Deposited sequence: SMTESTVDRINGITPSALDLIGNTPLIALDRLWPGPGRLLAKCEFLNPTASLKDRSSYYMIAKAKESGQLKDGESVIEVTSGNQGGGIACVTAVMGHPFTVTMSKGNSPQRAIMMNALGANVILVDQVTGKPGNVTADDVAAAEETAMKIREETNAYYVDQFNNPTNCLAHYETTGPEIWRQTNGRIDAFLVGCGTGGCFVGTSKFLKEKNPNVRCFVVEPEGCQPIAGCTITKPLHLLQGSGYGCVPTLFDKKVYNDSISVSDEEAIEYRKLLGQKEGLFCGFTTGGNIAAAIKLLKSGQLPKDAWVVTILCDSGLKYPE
């Protein structure tokens, strides 16, 4: 019932989701149409605000996370900022572990949103190069803190409410905003929550909607070169500065539009995942 346009937004939680669906009609002038969800307009400037809100809100509803108790996650990425935002508003202490090998830039927003950032010594890597063993040491620090404090472990890769977020919000919004006119959806996979949750909802509304995973070097392959080139083109043609994964989603969507696999007049929807300012 919140009116963001003509009323008061009660908290940052009300800024999560209901993102614009922008038409990229200058980047792709036809035939057919390319549209993308503006997930860079979430309060921490990534789609992770949706999964962060769900994982914390559902842990609270189930009674697994009690009023004012501590939360822990291992991350260097957008999910840390998202959880920090939601825990800040809801009054949960938040601890985050990440390798000292990450750029200090990766901690700035999480720390500004009240996260207790624990930098964990690299085991095998050097600065700018966080290895599997570096991350395994940050996971081990987080499990030790969790055992010592009874903190709620968010467990982004194994938490089912991650994909529920996109099934209940992202999917329904796209369906509403297109008034059901959508031939294809595509996005890359980290947790896979956005792809799995959105696609499940869209396929329930229209089973003929074609859902594609964008796979970095059913699926569309994209190189770092394509991601970079289309990140730049999105900025030059649409005035939107997004991250590398957004560049790959645009490159993939344009390959799909030219493929002739869809009708000539196809409407294709993807995701603008985050702000280019997060890099």
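A.B. asks: Given the full deposited sequence, which segments carry no C-alpha coordinates?
C.D. replies: In the chain as deposited, 1-5, 223-257, 320-321 carry no coordinates.
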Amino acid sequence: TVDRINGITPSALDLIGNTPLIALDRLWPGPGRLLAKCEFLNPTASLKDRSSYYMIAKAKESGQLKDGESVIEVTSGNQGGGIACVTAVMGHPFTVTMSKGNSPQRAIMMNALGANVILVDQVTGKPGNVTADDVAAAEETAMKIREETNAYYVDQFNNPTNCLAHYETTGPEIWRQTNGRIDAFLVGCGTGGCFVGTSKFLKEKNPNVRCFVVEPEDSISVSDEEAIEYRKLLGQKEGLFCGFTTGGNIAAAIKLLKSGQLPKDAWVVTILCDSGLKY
From here on, numbers count along this sequence of modelled residues.
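A.B. asks: Of the two stretches 30-38 and 61-69, which shows the higher Cα B-factor on average in the entry?
C.D. replies: The recorded data point to 61-69.
A.B. asks: Taking the mean of the C-alpha B-factors per stretch from the entry, tell me the winner out of 202-210 and 170-178.
C.D. replies: If you average the C-alpha B-factors of 202-210 and of 170-178, the larger mean comes out for 202-210.
A.B. asks: Which has the highest CA B-factor per the PDB entry: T87, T95, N102, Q79?
C.D. replies: When the deposited C-alpha B-factors of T87, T95, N102, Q79 are compared, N102 is largest.
A.B. asks: Select one of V187, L119, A165, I83: the residue whose C-alpha shows the highest B-factor in the crystal structure entry.
C.D. replies: Largest recorded C-alpha B-factor: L119.
A.B. asks: Looking at the temperature factor on the CA atom of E238, which third of the chain's modelled residues does it land in?
C.D. replies: It falls in the bottom third of the chain.
A.B. asks: Would you please rank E217 by its C-alpha temperature factor against the other modelled residues of its chain and give the third it falls in: lowest, middle or highest?
C.D. replies: Highest third, going by the recorded CA B-factors of the chain.
A.B. asks: By its CA B factor, does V2 count among the lowest, middle or highest third of the modelled residues in the chain?
C.D. replies: Within its chain, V2 is a highest-third residue by C-alpha B-factor, going by the deposited values.
A.B. asks: Which third, lowest, middle or highest, does the CA B-factor of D224 fall in along this chain?
C.D. replies: Ranked within chain, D224 CA B lands in the highest tercile.
A.B. asks: Tell me, lowest, middle or highest third: where does the Cα B factor of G260 rank within its chain?
C.D. replies: Highest third.
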